[PDB]
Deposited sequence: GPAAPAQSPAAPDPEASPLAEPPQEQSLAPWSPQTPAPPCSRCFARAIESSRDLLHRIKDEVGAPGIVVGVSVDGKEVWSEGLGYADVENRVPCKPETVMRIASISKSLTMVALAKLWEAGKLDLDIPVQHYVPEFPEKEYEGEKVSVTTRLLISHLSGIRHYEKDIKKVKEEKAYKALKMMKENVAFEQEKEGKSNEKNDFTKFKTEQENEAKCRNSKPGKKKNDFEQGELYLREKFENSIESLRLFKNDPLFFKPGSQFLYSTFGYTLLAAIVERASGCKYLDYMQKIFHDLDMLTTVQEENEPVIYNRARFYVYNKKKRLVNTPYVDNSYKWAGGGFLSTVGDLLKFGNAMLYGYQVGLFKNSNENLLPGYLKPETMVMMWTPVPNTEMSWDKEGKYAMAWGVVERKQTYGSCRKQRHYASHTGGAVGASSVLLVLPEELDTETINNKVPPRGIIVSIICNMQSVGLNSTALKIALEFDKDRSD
């Protein structure tokens, strides 16, 4: 039934692969909760000639923020965590900050949406202020091993705030390290154990953390181009200092399952009225709405047409003029890692009365693409693939 869409999507994948020169790429498409397509192109390892397969394990980078958000939402549902309380309640090791000698408060809500003052890789305030008005970074190529989140906090716990909390949007990865410390303090257990339990609940059996010593099957390699336009290996790095921000490894099936679970949790409330036999979602319907609610004064780098919510980028639906562009509602998050690129997209389906009365959730399309090439933007390709699979479905 999806044969026409599959061929075109494969053509689109070839287009992007040849445009960026990626040695390998893997895709995964799920329609209405069922996986209908999964393919790989190229070689996961070019030295040993290992072809790309749906079982390939690659580095999802910032899609990890979404997993941490799921953990935080579950903790908040359990009542252990309060969003508006200052972070010093849970983590007293973080020093209090001043902004030309005025009291400022850093909270979980500000940390989630990046509205907090914490910096990114750059340490020079002047350049950041000039830009507001890179893989060249050193901290991005660290190799030290950090046993715990509290030890990892020492990289940025002494730097001054760059902006007033809640005033300027600045994408950051250390804020989610602080969030992981808060999670492990509030839950009473280690962060990795909590995430492992969550992955077990969601049936994500191939999602593990970036480590070198353990043997991980079907692990791929990551490449980059040098100054002579020749494919080379990326340098060895250790990502233990940022587990929550970008330290996880996964496949396309696990991302499809995660997206399906989120879609079901989002859509179960609408279908609850017609049928009372539906199982409850992993998170409460009000929690799901809050997660996907856009926050004002936020930006979405991979799509200027939408904004940012909680660990997700959300584009809403609207139409301003007749016979003119009709915006479509979807949520997405992209990831950029040394040697790798990924994207996860969710496209909800507009629900009518008859569909609600007859059909059952989830109703939508989830698309996941991962490639072992550095600095590749895959949001547009995923959006096109999702739209075309939306056309075929009847």
Ranges missing from the model, given as deposited sequence positions
1-42, 176-225, 487
